[PDB]
Each structure stands twice: as C-alpha cells, then as structure tokens.
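Engineer: Sending over a structure as structure tokens; questions will come in a sec.
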Amino acid sequence: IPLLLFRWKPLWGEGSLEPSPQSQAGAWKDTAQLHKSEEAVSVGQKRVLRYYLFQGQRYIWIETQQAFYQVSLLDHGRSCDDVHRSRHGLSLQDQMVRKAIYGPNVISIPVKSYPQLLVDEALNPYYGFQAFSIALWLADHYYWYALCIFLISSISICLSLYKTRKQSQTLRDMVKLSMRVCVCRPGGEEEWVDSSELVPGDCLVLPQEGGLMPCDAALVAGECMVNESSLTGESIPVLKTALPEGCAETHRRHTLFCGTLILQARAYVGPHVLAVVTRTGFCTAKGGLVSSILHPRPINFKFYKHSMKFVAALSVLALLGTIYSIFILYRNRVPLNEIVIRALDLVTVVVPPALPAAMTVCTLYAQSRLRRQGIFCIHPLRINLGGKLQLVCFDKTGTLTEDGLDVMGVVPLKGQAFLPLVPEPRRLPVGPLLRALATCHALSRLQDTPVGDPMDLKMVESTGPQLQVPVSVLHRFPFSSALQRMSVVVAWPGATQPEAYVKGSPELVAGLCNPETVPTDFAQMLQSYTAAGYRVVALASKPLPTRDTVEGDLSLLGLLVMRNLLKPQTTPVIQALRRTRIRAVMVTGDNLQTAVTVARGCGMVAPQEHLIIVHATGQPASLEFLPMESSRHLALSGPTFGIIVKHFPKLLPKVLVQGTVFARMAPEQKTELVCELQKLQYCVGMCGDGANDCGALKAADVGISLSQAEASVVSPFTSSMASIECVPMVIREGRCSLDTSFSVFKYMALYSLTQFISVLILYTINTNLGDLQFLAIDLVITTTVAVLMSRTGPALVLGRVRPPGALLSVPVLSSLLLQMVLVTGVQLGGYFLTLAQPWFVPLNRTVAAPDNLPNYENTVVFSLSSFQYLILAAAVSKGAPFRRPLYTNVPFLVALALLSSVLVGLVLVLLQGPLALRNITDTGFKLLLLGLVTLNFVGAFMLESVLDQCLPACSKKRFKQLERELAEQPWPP
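Reading the sequence shown from the start, the letters are residues 60 to 71, 113 to 125, 140 to 360, 365 to 582, 610 to 613, 620 to 696, 708 to 779, 784 to 796, 820 to 1098, 1101 to 1145, 1155 to 1173 in the entry's author numbering.
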C-alpha cells in the first residue's frame, strides 16, 4: 500500500480535494460533489451490497449491472393493485433479506461522547494557535498568564460543547418512537416484532385502542382517524379511507404517516384493519424533515464576507507591529536569544482568546430571549437573518385570518320579502328554518367532539340546541363533492308529517327549487355576498307524507352567511410592517375575490392605493390587465402565475416587484415564488400554518410556523402564539443580535489593539507588562464585560433603518482608528507626564524585562489601560436605533461599577505585592491620573456621538434598481 502518508502528515483541511489525492487511487472511493468525502461499504449478507450513507440514505450502487442508487424510491413506480397483493406478510426468511437493502427503520442520532466530541472541537487552527501560546509564554518561567489563556480557552470549548449537546438532545427527543408493533406473518400469525425490524413490503395491523404510528403505511383495508398535529400542526382529526384498486405523494387520504397519532381505527369490513409499509426511517415524512435539520442548507448571511481583509490587516499590524519590536529591542543590546520570543509574544496579544467565547455566548442569549416570548428556534445562526428581511410572505387562513369559517347570521325569506341579516342567529323563533340548521350535518357524536365537515359543526353552537326535539331519522343523501348538497329527513314529536331538509349552494339549489318561490332579486343577493368575501349557502324544505323525490320542487326558505374574520392582532401588525418599509405579500390558495377584500382590511392594499388584477390567458396572448376601482400593486392568480413564468420571462421581474396579492396559488407553486424573489436579491420571510406551506417554509430565509409547542415542520421558528405578532418579534430580535455581534467584535479588536500598544510602548525602555497584570486584564476585565455585554435585549418599536450588515465597512474602520488615536495619545500623555516629575527616577534597564522591575513606567501604563478597557466597552455598546440603552442591563452595570471601583482603588490608596505595581506614588499625582481618564471617558462618548452623525457625499440589490425604474415610470400602461 505505502499509504503511510500519515507519517508525512505528522508534521502539520484547507484543500481537502488536494489532500485526497494522497490517500488513494471500484470500492471505498466517492466524490459526492460537495467536499467529496463519503467512504463506506459493508459487502455483507452474501451479496455485493454497497452500503454508503451520504446523509443517511443507503445508495445501493457499486456498479451499473446489479446495483442502482436511491433506496428511497427504487420501487416508486408501483401500481395500486400491487399493494393489495402484498396483503399477506413477507416470509420470515425473506424478512431478514430486505433489512440489508433498507435501513433498520430507526431515524438515529449518534451519541458523540465526550472524548469523541472534545477532539472534534479542539482540532482547528484557532485553538492550536493558543496551545502554541501556552508553551510560548511558559518559556518565561511559571506564568499566571499561561494559565488564564488555558482557563478562558476551556470556556471557549465548554460553551461549544454545551450548544452542541443541547441541540442534539432536542433532535433525539422528537424521534423517539419506542413501541412494540403487531404485524402479520406469511401464514396466519402475529409474532409481535419490534418496530426496528420493519421493512417495506410488510403488512401492519393497527391497534384499535391507542398508539402513534410505526411508519408511513398505505391504508390498504379499513377506516382510520388520525391526529396530524405532529407532522403539520393541523390538529383536527383527519379521516383516512381504504386505498382503492387501480402515487404515495398524491394519495394523502390513504397514508398513515410516521409520527401522526391514530385514534379510532374501526374495521367495518373484517375482524381488523390492514396496512402496507411504504417507507422507513430516514426516507419518510418526519424522517425527511429531520434529515433537513441535521444537514441544513447553507444560510445566506455572509458574516465577514470579505475573508481576506481582516486577515491582511492582521498581517500588517502584526508585521509592521513586530518589526518595530525588532527595531527597538535590537537597539537595546539584547543577546538575540529572546528577541525572537519577545516578538512572538507581541503576536500572541493581537489574537484574543475570548473571541470565540463571546461570539458563542452572544447567540445563547438570543435563543434565551426568544424562548421567553414563545418563538422556539433550533438553528442558532438563522437569528441574524431576521434583521435582514426586506420582504415577508404570508399565508391567509389560520395565519392572519381565522382558522375556520365563522357564521354571521341568517337572511330569511318569508314570502320573497328579503328580511335582512340578523346579527345573532339565536333570536329567530322555531320553525322550518330554525329546525333546518341543526339537523343536516354529517358529523358524529363520538368522544364528546363533533367530528366531520368543518363548516357545519360551526353552525351547531350558532344557536345551540340539544344534540343526540328533532331526532336523526335518516340521511337521504350524503354530502358529496359531485352533487354538492346533502338532504336530511327529520321528525319530531308533535308533527303531522316529516319534513325534508337540504342545504347547498345558492345558485344550483334555487335552479331546482320552485321558480314561483325563488324571487327575481336572487342574482344580486348572490352578487352582494360573493364580491365582499362572504361564503353563502342556501337551504330548502318540503314536507313528506328512497329516490331524489327528497330533492325536488323545493321552497326557498333563507340564506346562511359565513365569513372569515381577521384576527384582532392582524391589522396593527401589517400596518407596522408598511410603516417600517418592509414589503408585505400575501400568498394564498383561496379565492381571488376573497383575497382582495381581506387585503384591503388588514392593510396590504391601503385605501387610495390602486391595484390591478392581471388575469393572463392560457393561450400565449397578452396580459389583459384588468383594473379595479374601489404606490401601485398587482393582484395575481394561480394559473396566471404559470403563464408569466413560462411564456414571458422578460416581464417576470416587473410583476414580482409590485405584485402583492397572490391568490389560488398551488402548494407546489408557493415554493418558486420564494425562489424567484431570492433571485431578485430580496431576503424573503414566510409566516405560515399548515401542510400547504411545507415547501415554501424551507425555501425561505426566515420561515415561521404558528400555534405548535415544539415541532419540526418549520424552518425554524415555530412559535406558539397563533398570531402574526411574532413576525415583528423576529425582525426586532434579529436586529439586536446583528449589531450586538458587531459590538462584541469591535470591542475585541479594540482591546487587542490597546494591549498591543501597551506592550509596544513598554518594549521600548525594556519594561514589559507584568504577570498578574496580563492576567487581570484579560480575565477579569475583558471577559466579564464581554460575556455580560450581550444581555441587553431588543427594542420596543421597529424602525426604517436596517442594520449595516457588513462588518468591515467605512463607519467601523474609522471609529476604530479614531478611538485608537484617543487611546495612544493618553498613554503617551501619561508616560510623558511622569517623566517631568521631581520624584521620578528611571528603571534599572540592564537586568531583564520580566525579572526585577516593579517600576514607575508600568504603573502608569497599567492604570490608564485598565480603565481604557472598561471605557471602551461601554462606548461600543450603544442601543439607540436597535438594541436598548445599556442601563437596563443590570448585571452589566454592576460589572462596570465594581470593576471600576477596584481599579480606582488601586490608583488612590493592597494588591501591591501581587501585580507588582510601584509601592507608593507619594504626592498628589494620583488625583490627575484620574483627570486624563475622565477626558478619555468624556472624549469617547463625545466621539461616537459625532462620528455616527456623518454623511459622506460621494441600489445594490436587483429589486431596488427595478424599483427606481418603476418610480420613474409605472410599468403598467
């Protein structure tokens, strides 16, 4: 083999592909087009048996003849007749043959124990640089400073251990489905096998009492009632029917997904129900969503996008900083054994150890602020995407309107008089119409919940009679979608003859009713509700003294009115997004005439703002642009949106920039409306609720789901308040986390730089900063005010000003430099003020640098510098546009106050044996050392309250450029 390139590697992956060449040359090699590293095979079970798991799917492909990839969907072209032939169980000898091809039917999480996980964190070139720094400063004997950068790099690791062991504990909780499952064998058995031995091609008999689900099986025989709350959040009971003979992604009403909980499971044909296993652990629903979490898409928040700028600047400060060290120390007559070490020591102060510890902890407080409010996020780095959102798409029903249809009242008809809509249906007396709305229902009085059609259960408590004077006699015609109506014959004690109640649409039923009974103003009465967003149904009766005699020659009695109201917290939120100039889009799959009358109510289309319906044609002709008379908006449609994206590709960005109401959108069309806005360089958000949004919540940059405790059908922000008032809370938290991450970074840099400058102003005169001084500084002062810096919080009102989004920009480099100038003109303003004192004596220069110098040239530099760090933390931590004022952070004022008081003490009145300061500065020189700290405290607040008020006189996003064109000339004629 001669593969021992390991010996070569001992000497030491930026270029893995390059590295790969070294390792090897029809086995164990796989370049999977993304980092190209997945080497696995098993070759067991007396076959070829390719094995490799690339993200958890098995890919049985070692060749082209007797192998084929994608264990998911390798038997996807089945027929509906074929699964009925699999009603019998697989053979027990053949049952342990399909387990080789498929998985063990367990979506598994590795344990990743503590020796295996500490090695995956410390193996990086930014903890190995500091392990070099442990053995670098410890060449100067028995340092305390070589202990602190071990003790604050054991906080940097242990916080990265905590955010990993708590994220993987969350994913391991939701996929725990330990249950013993009864099946059928090849010939008349049960055998009660474990759920970790189920393969597709097996039967499955459901328990009628209780149990969740083993795996997504097709309901081949029987009736079942499930609870889909684990997979979609729509927690209403869904009735599952038996699969007819003659497509698993199409027949949703015949599949029992893995994770949903089954409730009734009645048989009605035989002794029990039957199912046919289709998928397994990593290739199911709830197995595909978890595999989309633990291998996420890369986030489009390029934090430190420049990637070379900081590194090259680092290079210049380090080198043009370390060649000043080699120029001044060599003019101090050194024996060359330590110049090298002094320079490496100068390079180790420009890399702060607590930089990964303060950027990690800045995100743990962000998840700790959203969990108090309700939003449960799991991907920690997608918090910062909420600060950068120019666009938010909404669903309609359940999201910013009510969940189900709600009744308004009754419009009766007593002799064609058109008596108006009553506000409360509990107020009309009992008759043929009041008995009508309480008995024509396809519900079921089972387990104390009326379960059935969501519409007619709402009119049960609209008046509230008793249920289970009328009695359920017979359902003469079931409510079918083909004939659209439902006839129920009812009787009651005290009747001469039973009546026949039937409900349906207004137009189709009145065309079958008596023409002498339906009036002439029936079309405009239908028109006055179908154009305002009302859903209206009619009802009829006929007394009976079978066939369709129950539905014929009917009297028109009255109208029933249903209407989806807005939520009370919808209107102040849509106005608060329009006021802060982020654009609001509604993406619904409901009717178009309903969607316009809602988008005028909530506030996408404000009054005195025109909108025009496009309504393109299926033919390749023009767009027709119908107007509406009741900025500039456009209202699209479902089949309209397919015409522009196919036949008019040059006119597509002119529509998505100024189109607001998208109606009749298919659930597979909600996902490329998001992927097309991301190609206009929007950063799209998506608040949604249901199964229709499962493709579009993932594709969005911030996908938010409503009204669920802790689920995974979201991208990540499942919240739990059932309103759209959480979508400003993600904007308002993602903005106070995007500049806090900037304020933490531009403080670490400011500290490293003040230290490089105090070790460099002390390398001249050969008076290097002490032992407990480096420790003090770092640990105490710079880690207390960096772990506690990021606890402030979000503001209370959003604003028009976005965060700057780019770290190394022109307002950041300038402040750092000006602040550095104020910092170096005060250490030089403190060093050259002791030198003019009468009590001043110099240092014994020719002894060593760290050995025997408790002198006056470090006492002034350590005192001035300690305060510089505390001043700078407070200066860089501002919260006027985005975060909050810093006095609300009570554990951050107590740091500053306590640390400042200790520091003022060690300069006025000890820690003089320790920290090696000069014994007593005798005269009243102490009182004006606090003088030029005060004009550093004043001179830093009055420097960043001026520099952020700077406008340099001298549309990056694609959409912004288009908007400018629209402003100059409206695109519609």
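We put the beta carbon where it would ideally sit given N, CA and C, even for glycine.
Helix or strand or just coil, what does DSSP make of residue 272?
Structural biologist: helix
Engineer: Quick check: the Cα distance between residue 341 and residue 556, rounded to an integer number of angstroms?
Structural biologist: 27 Å
Engineer: Can you tell me the Cα-Cα spacing of residue 957 and residue 1047, whole angstroms?
Structural biologist: 8 Å
Engineer: Which residue wins for smallest C-alpha separation from residue 1124, given the options 1053, 1159 and 1133?
Structural biologist: Comparing alpha carbon positions, the residue from 1053, 1159 and 1133 closest to residue 1124 is 1053.
Engineer: Counting only the same chain and skipping the five closest in sequence on each side, list residues whose C-beta sits under 7 Å from that of residue 152.
Structural biologist: Once the five neighbours on either side are set aside, the close Cβ partners of residue 152 are 144, 146, 166 and 168.
Engineer: Grab me the residues of residue 961's own chain with a C-beta within less than 6 Å of its C-beta, minus the 5 sequence neighbours each way, in chain order.
Structural biologist: 258, 1105 and 1106
Engineer: Please classify residue 654: is it buried, with 16 or more other beta-carbons within 10 angstroms of its beta-carbon, or exposed?
Structural biologist: It is buried - the Cβ of residue 654 has at least 16 other Cβ atoms within 10 Å.
Engineer: Helix, strand or coil for residue 1080 per DSSP?
Structural biologist: helix
Engineer: Using C-beta distances below 8 Å, list every residue in its chain close to residue 692, excluding the 5 sequence neighbours before and after it, in chain order.
Structural biologist: 550, 551, 554, 650, 651, 652, 653, 716, 717 and 719
Engineer: Have a look at residue 724 and residue 322 and give me their C-alpha separation to the nearest angstrom.
Structural biologist: 37 Å
Engineer: Considering only residues of the same chain and omitting the five flanking positions on each side of residue 215, which have a CB-CB separation below 7 Å?
Structural biologist: Excluding sequence neighbours, residue 215 sits near 174 and 185.
Engineer: Going by DSSP in three states, residue 749 sits in which element: helix, strand or coil?
Structural biologist: strand
Engineer: Out of 1039, 1036, 1034 and 1045, point me to the one whose CA is closest to residue 1025's CA.
Structural biologist: When only C-alpha atoms are compared, the closest one is 1045.
Engineer: Assign residue 928 to one of three DSSP states: helix, strand, or coil.
Structural biologist: coil
Engineer: Does the region 313–330 come close enough to the region 249–265 that 3 or more CB-CB pairs lie under 8 Å?
Structural biologist: no
Engineer: Which first and last residues belong to the alpha helix (DSSP H) in which residue 338 is found?
Structural biologist: Looking at the DSSP string, residue 338 is not in any alpha helix (DSSP H); the run it does join, the beta strand (DSSP E), is 338–341.
Engineer: Anyone know if the C-beta pair for residue 312 and residue 211 falls short of 8 Å?
Structural biologist: no
Engineer: Go ahead and pull the three-state DSSP assignment for residue 380.
Structural biologist: strand
Engineer: Compute the Euclidean distance between the alpha carbons of residue 300 and residue 824, then round it to the nearest angstrom.
Structural biologist: 58 Å
Engineer: Excluding sequence positions up to five away, which residues of its chain have a Cβ less than 7 Å from the Cβ of residue 789?
Structural biologist: If you ignore the 5 residues before and after residue 789, its C-beta comes within less than 7 Å of the C-beta of 776 and 778, all in its own chain and listed in chain order.
Engineer: Strictly by DSSP, which residues pair up with residue 724?
Structural biologist: DSSP lists 525 and 686 as the bridge partner or partners of residue 724.
Engineer: Using 8 Å as the threshold, is the C-beta distance between residue 560 and residue 628 below it?
Structural biologist: In this structure, residue 628 does not lie closer than 8 Å to residue 560 by Cβ.
Engineer: Looking only at its chain, what residues have a beta carbon closer than 7 Å to the beta carbon of residue 738, apart from the 5 residues adjacent to it on each side?
Structural biologist: 917 and 987
Engineer: What residues are listed by DSSP as bridge partners for residue 874?
Structural biologist: 510 and 891
Engineer: Please name the residue or residues paired with residue 1099 in a DSSP beta bridge.
Structural biologist: Missing from the coordinates is residue 1099; the shown part of the chain jumps over it, going from 1098 to 1101.
Engineer: According to DSSP, what are the bridge partners of residue 792?
Structural biologist: 775, per the DSSP bridge assignment.
Engineer: Which term fits residue 1071, buried or exposed, when burial requires 16 or more other beta carbons within 10 angstroms of its beta carbon?
Structural biologist: buried
Engineer: Answer yes if the region 742–758 comes into contact with the region 930–941, meaning at least three C-beta pairs across the two stretches below 8 Å, and no otherwise.
Structural biologist: no
Engineer: Give the list of continuous alpha helix (DSSP H) stretches no shorter than 4 residues that lie fully inside the region 365–435.
Structural biologist: 406–409
Engineer: Taking residue 659 as the reference, which of 687, 648 and 679 has the closest Cα?
Structural biologist: 687
Engineer: Identify whether residue 332 lies in helix, strand or coil by the three-state DSSP scheme.
Structural biologist: strand
Engineer: Can you have a look at residue 306 and say buried or exposed, based on whether 16 or more other CB atoms are within 10 angstroms of its CB?
Structural biologist: Taking a 10 Å sphere around the C-beta of residue 306, we find fewer than 16 other C-beta atoms and assign the residue as exposed.
Engineer: Would you grab the beta carbon distance between residue 517 and residue 876 for me? Rounded to a whole angstrom, and I think it's under 8 Å.
Structural biologist: 6 Å
Engineer: Specify, as a first and last residue, the run of the alpha helix (DSSP H) that residue 823 falls within.
Structural biologist: Premise fails: residue 823 lies in the beta strand (DSSP E), 821–824, not in any alpha helix (DSSP H).
Engineer: Based on DSSP bridge pairs, tell me the residues matched to residue 1104.
Structural biologist: As computed with DSSP, residue 1104 is found in no beta bridge at all.
Engineer: Just list the alpha helix (DSSP H) runs in the region 201–250, keeping only unbroken ones of 4 residues or longer that don't cross its boundaries, in chain order.
Structural biologist: 206–215 and 228–236
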